[PDB]
There are 2 protein chains.
Amino acid sequence: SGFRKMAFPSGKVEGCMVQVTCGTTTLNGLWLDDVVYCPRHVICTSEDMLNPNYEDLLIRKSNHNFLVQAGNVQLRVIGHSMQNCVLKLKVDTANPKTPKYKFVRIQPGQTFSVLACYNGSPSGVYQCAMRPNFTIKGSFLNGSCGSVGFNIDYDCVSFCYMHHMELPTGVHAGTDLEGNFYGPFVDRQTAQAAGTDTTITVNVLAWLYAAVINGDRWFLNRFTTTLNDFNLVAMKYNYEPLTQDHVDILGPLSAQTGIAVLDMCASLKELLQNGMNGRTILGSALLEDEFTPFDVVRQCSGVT
Amino acid sequence: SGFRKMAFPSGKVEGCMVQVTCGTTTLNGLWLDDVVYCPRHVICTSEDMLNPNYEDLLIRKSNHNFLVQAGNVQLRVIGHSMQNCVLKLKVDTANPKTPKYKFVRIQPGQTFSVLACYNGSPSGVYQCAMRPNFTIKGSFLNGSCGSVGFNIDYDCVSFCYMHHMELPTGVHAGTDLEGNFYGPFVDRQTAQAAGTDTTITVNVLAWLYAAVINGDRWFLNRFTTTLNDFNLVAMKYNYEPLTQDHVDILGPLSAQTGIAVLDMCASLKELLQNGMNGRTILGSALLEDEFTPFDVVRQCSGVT
Ligand SMILES: O[C@@H](Cc1cccc(Cl)c1)Cn1cncn1
Ligand SMILES: O[C@@H](Cc1cccc(Cl)c1)Cn1cncn1
């Protein structure tokens with residue numbers, strides 16, 4: 001029992017972190033097989049970041065200008081190429097610590113672990129969700145660029161995020177491992193609008209199921225609702241509309257607890273309309289949306 | 001910017017996890033050098049756990065009864081001994097993945113990362129505090145015994161906790177790596193009183209400093225207080241009394257923000273007496289006490 005905001009064990013990812021320096025700029029790179037992936041803005045100076053012409057800036061760079069160090073070991077760069085907003089530096093040595101891995105583009109509302117790094121050195125690991133507006137609310141300081149987000153399925157690391165930028169609002173933006181930004185963001189020092197965000201309804205319901213499993217039941221009521229009625233309330237409170245696909249994904253939790261998904265929706269409707277009345281759920285005084293139904297099942301069954 | 005409940009990178013600890021089986025019971029062990037540490041209750045059956053005579057149960061066990069497996073590798077046990085509530089199984093092979101490490105007994109109110117494991121396999125990592133009453137509010141299911149808590153200082157892992165038990169209240173209890181329980185707990189299936197818990201005042205103030213650093217400032221007011229006056233409020237609200245030693249540890253945060261410790265205490269006094277008024281601080285709707293002043297500085301400066 002007990003329910004915590006748990007990150008995946010980061011060991012397999014720590015083994016891939018390297019420091020990449022180009023000119024005056026140092027950030028983090030991900031060394032998988034004989035390729036090092038890093039944000040393309042490693043080739044910029046401060047004057048370049050207003051509106052960088054990345055193609056022109058990269059043309060002034062040669063393989064020997066990219067300094068890649070994996071702690072002690074210096075990697076020899078034998079090729080470089082830009083793919084979207086990432087650079088791929090081919091090195092002459094395959095990383096001996098390369099785990100089984102995939103590159104995946106996660107959907108908004110999905111969660112992942114971030115291994116925050118500085119100068120190629122891991123500093124901490126935390127779990128977070130990709131917001132519906134494609135930002136993440138992380139903990140990143142200057143130098144954290146190139147830190148990655150990931151999930152693990154037994155022995156396979158699915159890398160889903162590489163950190164690029166902090167928006168003037170303090171929220172974070174980055175790309176998949178092919179260098180495509182999540183959301184409308186561009187890698188420029190420019191004020192950029194993040195869309196209107198919403199609360200991830202399916203995750204809040206998954207979390208209410210985790211609360212019932214772990215003994216927090218005070219919010220359960222004698223009511224039920226419909227998808228239509230619940231969605232009117234979700235609309236008023238800036239929650240994502242609930243679909244049958246979300247109800248379907250909650251099936252295992254519904255079956256385990258015996259609480260029909262629409263009955264949990266009526267508990268969620270009452271919490272939205274009434275608040276928590278100074279009480280808590282799993283140590284939180286607000287409705288938590290950073291646990292997916294999969295995260296709840298995984299944690300409640302002890303998956304390794 | 002951004003502030004998250006961050007755990008240490010778990011890689012160095014994942015390399016030490018093993019599975020230990022004795023009879024019908026399997027739990028986790030920590031393999032450091034040529035010794036495997038695990039909870040002594042690995043030698044019990046369900047009938048034994050009401051009031052185990054550990055000395056007698058261990059006398060029926062030989063080195064060959066302790067099955068230690070590090071994933072694929074089977075360790076040969078050449079010695080066994082009980083120290084307090086832990087067993088030390090001497091093995092014939094030093095763990096090649098043994099990091100630089102120390103065994104430390106942490107103080108109540110200090111924080112650490114837990115690597116939750118099942119059958120010797122890491123499942124997740126989360127940060128938590130040792131409550132003032134020596135319990136931890138973790139996420140542990142049956143089979144998680146032997147999972148450890150730790151901190152890292154550059155390349156040194158200080159192991160501070162080994163998980164043993166879940167109390168009937170759903171809170172968790174364990175020992176230091178010498179097998180001494182934190183708190184009054186015994187390793188028996190018996191209802192056991194945890195002391196009255198309090199909120200870790202110094203940590204809440206550290207967290208209010210992290211909030212000001214990261215842009216959440218709404219709670220700052222035009223007031224100040226004294227240690228005596230603040231401690232009357234801390235008393236009413238079951239907060240730990242604040243001492244000059246706590247004010248001293250907050251010195252760096254006070255210097256960085258320019259907010260005198262007693263002025264932050266007046267903000268904390270007003271939040272205790274008035275609540276949050278439906279607002280949040282660093283994404284929380286309650287006063288967070290799981291970040292020490294050291295954790296706040298480390299996170300706000302990007303220490304690796
Ligand atoms: O925002 C980053 C620098 C930068 C500026 C503008 C655009 C880009 Cl792609 C990068 C630094 N940073 C990342 N997390 C916290 N700080
Ligand atoms: O409580 C543990 C079993 C047990 C019972 C009684 C005493 C002891 Cl020392 C061990 C199982 N467990 C640990 N975390 C979650 N579940």
Side-chain angles (χ1 to χ4, degrees), chain A residues 8 10 12-20 22 25 27-44 49 52-59 61 63 66 68 70 75 77-91 94-95 97-117 120 128-136 138 140 144-153 156-167 171-188 190 192 194-195:
Chain A
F8 286 99
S10 61
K12 288 165 177 228
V13 179
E14 293 167 53
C16 307
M17 303 309 302
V18 299
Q19 172 188 95
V20 179
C22 198
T25 308
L27 44 61
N28 304 283
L30 185 71
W31 185 20
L32 291 171
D33 305 321
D34 59 352
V35 178
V36 170
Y37 303 81
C38 72
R40 68 182 179 165
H41 71 259
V42 68
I43 70 179
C44 302
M49 290 311 303
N53 186 314
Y54 287 102
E55 290 74 15
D56 293 353
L57 292 162
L58 184 58
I59 282 165
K61 303 302 186 181
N63 291 331
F66 295 101
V68 182
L75 301 189
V77 180
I78 63 178
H80 66 272
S81 62
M82 183 165 56
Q83 168 175 25
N84 301 312
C85 303
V86 296
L87 296 182
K88 301 185 289 184
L89 308 174
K90 187 160 164 173
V91 296
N95 185 352
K97 299 182 202 170
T98 306
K100 278 171 219 205
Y101 74 95
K102 279 177 193 174
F103 287 169
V104 306
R105 187 165 171 99
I106 57 155
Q107 290 291 298
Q110 299 299 112
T111 57
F112 59 92
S113 297
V114 168
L115 178 67
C117 294
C128 71
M130 167 71 62
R131 300 308 317 162
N133 72 356
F134 292 106
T135 61
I136 74 172
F140 292 105
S144 65
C145 309
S147 297
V148 300
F150 58 97
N151 284 270
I152 315 180
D153 182 9
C156 182
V157 183
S158 286
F159 292 101
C160 60
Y161 179 81
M162 175 167 278
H163 185 54
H164 288 243
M165 178 170 68
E166 183 162 71
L167 300 180
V171 315
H172 301 110
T175 68
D176 59 30
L177 273 291
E178 292 197 359
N180 302 103
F181 265 89
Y182 285 97
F185 310 108
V186 292
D187 49 356
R188 263 189 79 160
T190 224
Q192 295 174 44

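Below, all heavy atoms of this structure are taken into account, side chains as well, without hydrogens, waters or symmetry copies. Convention: sequence-line order gives letters A, B, ...; per-chain numbering from 1.
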* Go through the steps to decide whether A:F8 and A:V157 satisfy the test side chain to side chain contact (heavy atoms under 4.5 Å, CB included), and finish with yes or no. => CA-CA 10 Å; A:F8 286 99; A:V157 183; over 6 Å; no
* To do: Please report the C-alpha distance between A:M162 and A:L30 in whole Å, then the side-chain angles of each, then the deciding distance to 0.1 Å, and finally whether the side chain to side chain contact (heavy atoms under 4.5 Å, CB included) criterion is met.
  => CA-CA 9 Å; A:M162 175 167 278; A:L30 185 71; 4.2 Å; yes
* Does the side chain to side chain contact (heavy atoms under 4.5 Å, CB included) test come out yes or no for A:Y161 and A:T175, once each step is laid out? -> CA-CA 6 Å; A:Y161 179 81; A:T175 68; over 6 Å; no
* Walk me through it: do A:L75 and A:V36 pass the test side chain to side chain contact (heavy atoms under 4.5 Å, CB included)? => CA-CA 10 Å; A:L75 301 189; A:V36 170; 4.1 Å; yes
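Residues A:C16 and A:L32 share a closest heavy-atom pair of SG-CD2, 3.6 Å. In terms of heavy atoms, A:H164 sits closest to A:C85 at CE1-O, 3.1 Å. The nearest pair of heavy atoms linking A:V18 to A:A70 is CG1-CB, 3.5 Å. The minimum heavy-atom distance between A:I136 and A:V114, with the atom names listed, is CD1-CG2, 4.5 Å. Heavy-atom minimum distance, A:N28 versus A:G120: OD1-N, 2.8 Å. A:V86 and A:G179 get closest at one heavy-atom pair: CG1-CA, 3.5 Å.
Residues satisfying the side-chain contact (heavy atoms from CB on, under 4.5 Å) test with A:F134, not counting sequence neighbours, are A:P108, A:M130, A:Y182. Checked against ring-ring contact (aromatic ring centres under 6.0 Å, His included), A:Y54 has no partners two or more places apart in sequence or in another chain. In this structure, the side-chain hydrogen bond (donor to acceptor under 3.5 Å, both in side chains) partners of A:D33, at least two apart in sequence or on a different chain, are A:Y101. Taking the side-chain hydrogen bond (donor to acceptor under 3.5 Å, both in side chains) definition, one finds that A:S147 meets it with nothing, sequence neighbours left out. Among residues two or more places apart in sequence or in another chain, the side-chain contact (heavy atoms from CB on, under 4.5 Å) test is passed with A:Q107 by A:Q110. For A:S158, the side-chain contact (heavy atoms from CB on, under 4.5 Å) partners are A:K102, A:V104, not counting sequence neighbours. Residues passing the ring-ring contact (aromatic ring centres under 6.0 Å, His included) test with A:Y37 are A:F103, sequence neighbours excluded. For A:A194, the side-chain contact (heavy atoms from CB on, under 4.5 Å) test picks out A:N133, A:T135, A:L167, A:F185, with sequence neighbours left out. With sequence neighbours excluded, no residue forms a side-chain hydrogen bond (donor to acceptor under 3.5 Å, both in side chains) with A:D153. Qualifying salt bridge (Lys or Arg N to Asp or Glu O under 4.0 Å) partners for A:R188, counting only residues two or more places apart in sequence or in other chains: none. The ring-ring contact (aromatic ring centres under 6.0 Å, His included) check on A:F140 picks up A:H163, A:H172, with sequence neighbours excluded. Listed by chain and residue number, A:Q83 satisfy the side-chain hydrogen bond (donor to acceptor under 3.5 Å, both in side chains) test with A:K88 (two or more places apart in sequence, or in another chain).
Under a 3.5 Å cut-off, the side chain of A:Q192 and the backbone N or O of A:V186 do form a donor-acceptor pair.
The CG atom of A:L58 sits 8.5 Å away from the OG atom of A:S81 when rounded to the nearest 0.5 Å. The OG1 atom of A:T190 sits 10.0 Å away from the CE atom of A:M49 when rounded to the nearest 0.5 Å. Rounding to the nearest 0.5 angstrom, the gap separating the CD1 atom in A:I43 from the OG1 atom in A:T25 is 10.0 Å. Here the SG atom belonging to A:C44 is positioned 7.5 Å from the CG atom belonging to A:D187, to the nearest 0.5 angstrom.
A donor atom on one side chain and an acceptor atom on the other are found under 3.5 Å apart for A:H80 and A:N63.
A:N84 is not listed as a side-chain neighbour of A:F181, based on a closest heavy-atom distance of 4.5 Å or more. Residues A:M82 and A:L87 meet the side-chain proximity criterion, which asks for heavy atoms closer than 4.5 Å. Within the 4.5 Å cutoff, no side-chain heavy atoms of A:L115 are placed close to those of A:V148. Put simply, the side chain of A:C160 does not reach to within 4.5 Å of the side chain of A:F150, judged on heavy atoms. Side-chain contact between A:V77 and A:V68: present, with at least one pair of heavy atoms (C-beta onward) separated by less than 4.5 Å. By the 4.5 Å heavy-atom criterion applied to side chains, A:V91 and A:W31 are counted as neighbours. You'll find the side chain of A:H41 reaches within 4.5 Å of the side chain of A:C145, heavy atoms only. In this structure, the side chains of A:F159 and A:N151 stay at 4.5 Å or more apart for every pair of heavy atoms.
Within 6.0 Å of the NZ atom in A:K97, the count of heavy atoms belonging to other residues, nucleotides or ligands does not exceed 12.
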